[PDB]
Amino acid sequence: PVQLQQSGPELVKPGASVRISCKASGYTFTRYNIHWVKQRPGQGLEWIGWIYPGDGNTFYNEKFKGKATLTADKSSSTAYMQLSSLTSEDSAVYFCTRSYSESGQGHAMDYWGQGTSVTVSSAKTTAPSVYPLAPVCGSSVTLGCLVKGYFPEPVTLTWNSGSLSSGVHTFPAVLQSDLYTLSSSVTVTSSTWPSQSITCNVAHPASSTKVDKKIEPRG
Amino acid sequence: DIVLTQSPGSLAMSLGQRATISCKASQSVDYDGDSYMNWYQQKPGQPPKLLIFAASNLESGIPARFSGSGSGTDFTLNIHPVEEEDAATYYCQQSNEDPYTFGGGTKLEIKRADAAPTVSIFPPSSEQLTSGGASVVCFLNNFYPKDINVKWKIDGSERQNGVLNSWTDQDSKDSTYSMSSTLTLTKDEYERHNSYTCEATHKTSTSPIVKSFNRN
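Reading guide: rules and limits
Residues numbered from 1 in each chain as written, not as in the entry; some residues may be left out. Chains lettered and ligands numbered in written order. Heavy atoms only, no water. Domains from an automatic or database assignment. Patch = residues over 30% accessible without salt bridge, like charges linked within 9 Å, V, L, I, M, F, W, Y side chains within 5 Å. Areas by Shrake-Rupley, 256 points an atom, 1.4 Å probe, with all protein chains shown as cover. Salt bridge = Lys/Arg side-chain N within 4 Å of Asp/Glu carboxyl O. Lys, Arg positive; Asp, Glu negative; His and termini not counted. Charge placed at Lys NZ, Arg CZ, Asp CG, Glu CD. Helix = DSSP H or I, 4+ residues; strand = E, 2+ residues; numbered from the N terminus. Buried < 20%, exposed > 50% of the residue type's maximum accessible area, 1.4 Å probe, protein only. Pairing = 2+ DSSP bridges. Axes fitted to C-alpha atoms, helices over the stretch in contact; angles between N-to-C directions. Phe/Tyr/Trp six-rings, centres within 6.5 Å; stacked < 30°, edge-to-face > 60°. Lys NZ or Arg CZ within 6 Å of the ring centre and 35° of its normal. Contact = heavy atoms within 4.5 Å. Polar contact = N/O pair within 3.5 Å; in protein donor to acceptor, adjacent residues only side chain to side chain.

S.K.: Tell me what's going on with the domain arrangement of chain A, and back it up with residues and numbers.
M.R.: Assigned domains within chain A: domain 1 (3-120) and domain 2 (129-214). Distance from the C-alpha centre of domain 1 of chain A to the C-alpha centre of domain 2 of chain A: 34 Å.

Printed below as a string of structure tokens:
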């Protein structure tokens, strides 16, 4: 199967450079174009350019000339994009994708990488606090887990190590005090909890934060 | 640069109906006998997924519920039996002239029956109070339509400062929306008041849904 695996999220100081990778497998790397697409938070898709790994040929969108450089590694089937003079406005998700080659195939981008989130900021990596939210001192009961004050994105949250997946609402983070805050709710039958163990598990890999918080009834 | 204009920008269609998305190109995107109009679906947190290529060809693995039409400068994407999982944003795209360009995107909301929010209020955890903060959290879950108003009342007085709200995208399974409202005070601020109230105004009730607690 055609797969494009991109590098993980990046935090970069303003004015610096970042180089993100796109590793291809499942097809002949030297016979297809690799395109790069930019998506600012909450916005649409902007096309950056393409590289042909077969001969190293490239084409760049005029808006991205002088800021983006596309390279390809034949010895490892990996495409790279370097972005320079990084601006806080350059914070976005960058996708790599391969396009159809054959006639009548529209040159459509049929396989996409998962995207690489680039954060351009001078703010320092910060570990969050994780707070268990028990109900106030019905047929169902709702519990919460608050992850307050982390930077940069992302964090991952699970309930009972991911086994408790239904009835979960994990909300998008909001910016609070120049940091990120998110919360999650889980709703179960009232006969389930206080009686069965329920724990929220939080990871913030950028700060190597790994926390289990068991929800306990209030006193 | 070929400019692609999508219409409508936002669309809501009931379950099982037909959704139609239009894409108008400033210049023709068909060349000789071939067309370079492509359609993509993007769900939250995911890369775009190719649906239609060369303006009418169904991409392998994509259900036949999706189809495309048009030529030259005018193209259309049709989703017959609209389903819950189709909640996403849809993009047209041109591969005719460099630079490749995308349409602005069309967000499709799946219509469903009205549903009142399930509202839960949470006092600050003891650990956060030891940390010096006091976040009062209110979950308003599984409601429809998405339009909802949250009021925070402290000792019966409305409070606006210190409230931060977060909304989920439309659920891919039950087409509902959920929202978290957080009133963040300092510990000193929080202990100067007794009654904390999260008030939800939604179309499913003429009277607001009220959840409250006393600091005690």
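The discussion continues.
S.K.: Hey, could you go over a negative patch on the surface for me, with residue numbers and the actual values?
M.R.: Taken together, the side chains of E62 of chain A together with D1, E97 and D98 of chain B present a region of like negative charge at the surface. With respect to the helices and strands, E62 of chain A occurs in the loop between β6 (57-60) and β7 (68-73).

S.K.: If you had to explain the pairing of strand β3 (residues 19-25) of chain B to someone new, which residues and values would you point to?
M.R.: All names here are of chain B. Residue alternation in β3 divides its side chains into a buried set, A19, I21, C23 and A25, and an unburied set, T20, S22 and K24. As defined by bridge partners, strand β1 (residues 4-7) adjoins β3 across four bridges and the pair is classed as antiparallel. Following the sheet pairing, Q6 is matched in β3 by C23. Bridging between β3 and strand β10 (residues 74-79) involves six bridges; their strand directions are antiparallel. If you follow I21 over to β10, its bridge partner there is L77.

S.K.: Any details on the sheet that holds strand β16 (residues 149-154) of chain B? Residues and values, ideally.
M.R.: Residues and elements named next belong to chain B. Strand order in the open sheet made by the four strands is β17-β16-β20-β21, with antiparallel pairing throughout. Each edge of the open sheet carries a strand with a single partner, namely β17 (157-159) and β21 (209-214). For this sheet the average axis-to-axis angle between neighbouring strands, irrespective of direction, equals 30°. Pairing analysis gives six bridges linking strand β20 (residues 195-201) to β21, with the strands arranged antiparallel. Across the sheet, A200 pairs through a bridge with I209, a residue of β21.

S.K.: I'd love a proper account of the packing of aromatic side chains, names of residues and values included.
M.R.: We describe a pair of aromatic rings using the distance from one ring centre to the other and the angle between the two ring planes. Scanning the model with the defined rule gives 15 aromatic pairs over all chains in all. For the cation-ring pair, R98 of chain A lies above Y27 of chain A, with the distance from its terminal atom to the ring centre recorded as 4.8 Å.

S.K.: Can you tell me about the environment of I79 of chain B, naming the residues and giving the values?
M.R.: All names here are of chain B. Take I79: it is sitting in strand β10. When the C-alpha atoms of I79 and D32 are compared, they prove to be 28 Å apart, with 47 residues separating the residues in sequence. Other than its neighbours up to four places away in sequence, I79 contacts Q17, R18, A19, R65, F66, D86, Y90 and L108.

S.K.: An account of the side chain of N38 of chain B is needed here, citing residue identities and associated values.
M.R.: Position of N38 of chain B relative to the elements: it lies in strand β6 (residues 37-42). By relative accessible area, which is 0% here, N38 of chain B ends up buried. A distance of 3.1 Å separates a polar side-chain atom of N38 of chain B from the backbone nitrogen of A54 of chain B. Once residues within four sequence positions are removed from consideration, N38 of chain B is found in contact with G106, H107 and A108 of chain A together with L50, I52, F53, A54, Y91, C92, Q93 and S95 of chain B.

S.K.: Tell me about the pattern of salt bridges, residues and numbers included.
M.R.: All names here are of chain B. For the structure shown, the criterion picks out nine salt bridges over all chains. The shortest N-O distance in the salt bridge between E109 and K146 comes to 2.6 Å. Note that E109 is positioned in strand β13 (residues 106-111) and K146 in the loop between β15 (133-143) and β16, a separation of 37 residues in sequence. Judged by relative accessible area, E109 falls into the buried class, the value being 6%. On the basis of relative accessibility, which here comes to 36%, the residue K146 falls in the partly exposed class. Between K203 and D114 there is a salt bridge; the shortest N-O distance is 3.3 Å.

S.K.: Tell me about the environment of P81 of chain B, residues and numbers included.
M.R.: Residues and elements named next belong to chain B. By the secondary structure assignment, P81 is in the loop between β10 and β11 (88-94). Taking the relative accessible area as the measure of exposure, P81 reaches 37% and is therefore partly exposed. Residues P81 and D147, spaced 66 residues apart in sequence, show a C-alpha to C-alpha distance of 25 Å. Excluding anything up to four places from it in sequence, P81 contacts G16, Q17, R65 and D86.

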